[PDB]
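**Q** Pasting in a structure now, in structure tokens, and then I'll have a few things to ask.
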Amino acid sequence: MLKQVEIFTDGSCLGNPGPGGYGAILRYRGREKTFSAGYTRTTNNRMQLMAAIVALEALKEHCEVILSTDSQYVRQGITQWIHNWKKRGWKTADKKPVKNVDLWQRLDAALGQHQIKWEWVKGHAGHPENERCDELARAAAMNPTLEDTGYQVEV
């Protein structure tokens with residue numbers, strides 16, 4: 001029984017936009033939960049936020065989490081942008097809504113409930129679970145069944 005909740009995530013997309021999917025591994029309580037779903041029209045960035053959202057949202061109490069991902073988009077969001085965006089009412093310098101604001105807000109709310117330690121791995125030097133996430137993400141992208149409702153070529 002691990003003392004820290006462990007989460008691994010990855011997202012894939014075949015176009016911009018294109019069919020895509022995500023893979024997330026969660027080690028909580030005594031289980032290993034695997035989440036994966038494919039969406040008909042989406043982006044790689046949206047899938048990599050979705051992966052994180054789905055796993056965090058599975059936790060029903062406040063926890064100590066270690067989240068591992070090679071996603072540069074999540075990393076940049078987390079370490080360079082989120083703080084600025086909150087201060088600015090989730091707007092860009094030109095006063096428009098941030099792209100993927102729907103997912104960033106959704107993720108932020110899930111993050112707000114836990115104590116998080118981020119582990120930014122390099123693509124070629126992940127753990128076995130990061131590789132399995134990639135495989136899941138790719139597999140779901142080829143068999144899309146959901147609609148990515150917050151997607152817009154727009155804002």
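Note that we place each Cβ from the backbone using ideal geometry, even for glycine, and neighbour counts take in every protein chain shown. Derivation of every value follows stated rules applied to the coordinates shown; laboratory data play no part.
**Q** What percentage of all Cα-Cα pairs in the chain are separated by more than 21 Å?
**A** 43 percent
**Q** Another question, if that's okay. Do any of 60/91; 60/86; 60/117; 33/117; 60/87 go past 22 Å between their Cα atoms, and which?
**A** Long pairs (Cα-Cα over 22 Å): 60/91; 60/86; 60/87.
**Q** Moving on to the next point. Taking every DSSP beta bridge with both residues inside the chain, roughly what % is antiparallel (nearest 5)?
**A** Close to 65 percent.
**Q** Can you give me the distance in nm between label points at residue 58 and residue 118, each placed 7 Å from the Cα along the Cα-to-Cβ direction?
**A** Distance between the two pseudo-spin positions: 2.1 nm.
**Q** If you average the C-alpha positions of the range 89-155 and of the range 20-50 separately, how far apart do those two centres end up, in angstrom?
**A** 9 Å
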